[PDB]
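One structure is given here, and the rest of the page talks about it.
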Amino acid sequence: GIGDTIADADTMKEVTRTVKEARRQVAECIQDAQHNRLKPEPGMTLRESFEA
Amino acid sequence: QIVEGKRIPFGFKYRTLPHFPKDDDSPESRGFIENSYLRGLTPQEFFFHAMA
Amino acid sequence: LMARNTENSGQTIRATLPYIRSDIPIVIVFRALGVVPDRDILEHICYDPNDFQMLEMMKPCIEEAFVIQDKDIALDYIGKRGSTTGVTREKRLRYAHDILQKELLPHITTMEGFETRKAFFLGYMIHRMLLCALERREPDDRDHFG
Amino acid sequence: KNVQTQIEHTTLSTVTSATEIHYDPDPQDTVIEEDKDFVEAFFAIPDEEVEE
Amino acid sequence: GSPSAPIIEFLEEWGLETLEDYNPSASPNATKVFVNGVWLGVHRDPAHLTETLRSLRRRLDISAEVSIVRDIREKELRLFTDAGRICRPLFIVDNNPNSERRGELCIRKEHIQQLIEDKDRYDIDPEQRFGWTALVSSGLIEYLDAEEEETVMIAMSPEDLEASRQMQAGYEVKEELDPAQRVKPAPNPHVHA
Amino acid sequence: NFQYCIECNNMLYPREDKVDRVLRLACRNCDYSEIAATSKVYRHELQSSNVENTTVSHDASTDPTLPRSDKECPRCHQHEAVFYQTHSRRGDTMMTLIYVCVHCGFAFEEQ
Amino acid sequence: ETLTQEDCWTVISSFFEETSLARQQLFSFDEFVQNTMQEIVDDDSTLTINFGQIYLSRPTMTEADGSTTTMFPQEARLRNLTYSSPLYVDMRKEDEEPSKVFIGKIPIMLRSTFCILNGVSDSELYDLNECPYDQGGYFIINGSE
Ligand SMILES: [Zn+2]
Ligand SMILES: [Zn+2]
């Protein structure tokens, strides 16, 4: 049933923590690669090695 | 969610959708859900999922 | 547009103008509306300054009209419908005018005294092209729908 | 790296900007457009066969 | 589809918007103006020209099926009207600013209660229980074309709009009170209105 | 620069002045012949930009669909400023992300 | 002053009160009719014989050993009958008055501006063997939708 799908309430707090705690890991990428401090390589390109 | 080896593509214009700025290279928009089929999915998300 | 054969020649642009018949360099058509003199023709395409880059590409384009060279020949190089007919000039000229009023950009206006309007559009069309080979934007998206 | 850069097309790929055509009468004509010029004069001064 | 005539009446006439030549050097640019792809006109300050058109759709003085475009990167102002467009009734905001500080919502609870006065109908005449058939005559909901989207910036839920309005002056978020739900993207990346 | 010429505005072909030894432009239509403007003639260029100032976001403030900054509008004065990048087909044209104020239009760059 | 979600529905319910489903189908035909068509016949109304405006006529039937009684679908259909009405365009030859001559037949789309129902109340749709839920959109040519 559903119950088999609903993760522990306490242990679900720690889920939403490690997700929103990976926003900060993009923040430090969306803005840090607007100051040309990536960088890229190999296979290219620079916009792609960001997407990566 | 993906598509041809690149997170939700832009177009129209320089944006994923008309509920977003421009140059929004952030997950909070470009194909990327935070919830599961329990809460679960949000409009601005629901579609991204269907087109992947 | 063409841009191959590093031996021939300098990357030159053309047109078709349905429904007949072949390829017809651009200057040939401006010279068939009311703008034969050079310079003025480029004014409809680009706007200096300029920006020669986008224009330069014209060099090879104009050369194609280095024989036009007025209004007579222009309408002349248009004898090819078709199913074997004509004979020859006068008639050909008449057909050219008809085309310019129904075939050549059929919307806008299909009256008679409105050939100066279709003179810019072509400039506008080819304005877009130049933006892409020079790599100044991106090829429109056929996905729309939109 | 000795080999990495020992089996590549190479050719005129470093120029890519580029080729310019200047018309200069006397073998001692220039202008610019920058600095140079001096180097050219030094090469001519050594008149080691100029006439040839 | 709607007639392509009375449309230029509100364009050549206003304003000024000049046709014919007007090209060598000056004008462009000086942006241009297509209509059904028919580029007859040059027009200068697009500013006044647009707001005043869009208010023609909100009063219905013109067919509500008309799109508008303002490509501030390629110039131009495309204006379609030929049949085959697709729409999608939205709500609007109308930000001058002027009334109600800056924003925000373009409908009032008032409006709604009024709507319900017609569900209980019929029971009148025309007049006519203004049930949607007028909610456009009153510039509340604009139908948007597919190509009109590009130049627009829609919102998802009113809640998002309210949060953005509070931020414009600094207001708590309160994310430690929400319970299992569709975790939205908070708060709101830039985007002032 | 290679232009047209008075009389019969037309293309201008190159022509050296042997004897004299100097630049000199002309046309194949008439006879007009004006002096040169610079030693330069034709340039190749494999591509390295093509925007510089991409004049001129003069339509960004009215672009409801665009982001904005917060105070710090070099010169002029005031707060609120729209920005944006370029990105054209290929690159890697990094991201010289620029900006524009709402009460002005000073393309104030930044690292 | 805030606006809640339960209200939005109370808005978009209005849209389906008037606009209904299939509204445009159904409407791209409600405009044909009169409509733009009387001008298209005028683009080539020449012959060394001129074409006038065209009288709008409701869907009828004429048959041998019978008479002129209009159609009442869907009591038709099963008679494998095609559901059209006649066109009548005033022709010009000169005797002042036109000619009102019949020019083939054009198949009408159920529930239109010029259909046999349009403004008919639910309680009266039944009498005719119809169904208040039908939303038109279709043609009954040769007896089949
Ligand atoms: Zn000349
Ligand atoms: Zn400022």
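From the list C:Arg92, C:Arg128, C:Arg117, C:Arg137, pick out the single residue that is basic (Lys, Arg) and away from chain E (no Cβ under 14 Å). Write out each step before concluding.
Values: C:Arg128 fails: away from chain E (no Cβ under 14 Å); C:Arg117 fails: away from chain E (no Cβ under 14 Å); C:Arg137 fails: away from chain E (no Cβ under 14 Å).
Answer to the selection: C:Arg92.
Would you point out which residue out of G:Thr82, G:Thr48, G:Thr62, G:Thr69 is of a type outside the set (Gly, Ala, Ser) and surrounded by 15 or more Cβ atoms within 10 Å (Cβ to Cβ)?
Just a single option satisfies the conditions, and that option is G:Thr82.
If we keep just the residues of the range D:2-51 that are farther than 30 Å from F:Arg24 by Cβ and within 14 Å of another protein chain (Cβ to nearest Cβ), which is farthest from the chain's Cα centre (by Cα)?
D:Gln4
Give, as residue ranges, the helices (runs of 4 or more DSSP H) completely inside chain A that count at least 3 residues that are over 11 Å from the mean Cα position of the chain (by Cα).
A:10-20, A:48-51
Looking at F:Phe106, F:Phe83 in this structure, which one is within 14 Å of chain E (Cβ to nearest Cβ) and within 16 Å of ligand 2 (Cβ to nearest atom)?
Testing whether each residue is within 14 Å of chain E (Cβ to nearest Cβ) and within 16 Å of ligand 2 (Cβ to nearest atom) leaves just F:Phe83.
For (1) assigned to a loop (DSSP other than H, G, I, E, B); (2) within 14 Å of chain D (Cβ to nearest Cβ); (3) of a type in the set (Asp, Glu); (4) within 26 Å of D:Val15 (Cβ to Cβ), each residue gets a yes or a no:
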residue: F:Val22; (1), (2), (3), (4): yes, yes, no, no
residue: F:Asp31; (1), (2), (3), (4): yes, no, yes, no
residue: F:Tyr42; (1), (2), (3), (4): no, yes, no, yes
residue: F:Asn50; (1), (2), (3), (4): yes, yes, no, yes
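Could you tell me which residue of the range B:19-28 is farthest from A:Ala33 (Cα to Cα), considering only residues that are facing chain E (nearest Cβ under 7 Å) and buried (at least 19 other Cβ atoms within 10 Å of the Cβ)?
B:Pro21
Scan the range A:8-52 residue by residue and report those that are surrounded by 14 or more Cβ atoms within 10 Å (Cβ to Cβ) and farther than 21 Å from B:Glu28 by Cα.
Result: A:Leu38, A:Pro40, A:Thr45, A:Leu46.
If you check G:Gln74, G:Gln25, which single one turns out to be outside any strand (DSSP E or B) and touching an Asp or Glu at 6+ places or on another chain (Cβ under 9 Å)?
Step by step, each of G:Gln74, G:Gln25 is checked, and only G:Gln74 is outside any strand (DSSP E or B) and touching an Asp or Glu at 6+ places or on another chain (Cβ under 9 Å).
Would you call E:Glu104 within 19 Å of E:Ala193 (Cα to Cα), acidic (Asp, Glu) and surrounded by 12 or more Cβ atoms within 10 Å (Cβ to Cβ)?
Considered against the rule, which asks whether it is within 19 Å of E:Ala193 (Cα to Cα), acidic (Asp, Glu) and surrounded by 12 or more Cβ atoms within 10 Å (Cβ to Cβ), E:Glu104 comes out as yes.
Quick test for you: out of B:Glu4, B:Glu45, pick the one residue that is more than 16 Å from A:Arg47 (Cβ to Cβ) and of a type in the set (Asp, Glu).
B:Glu45
With respect to F:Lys71, is the statement that it is more than 16 Å from ligand 1 (Cβ to nearest atom) and either more than 10 Å from every other protein chain (Cβ to nearest Cβ) or in contact with a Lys or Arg (Cβ under 8 Å, 6 or more places away or on another chain) (or both) true?
yes
Quick note: the coordinates plus some simple rules give every number you see, no bench work behind them. Cβ coordinates were reconstructed from backbone atoms using ideal geometry, including for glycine residues, and neighbour counts include every protein chain displayed.
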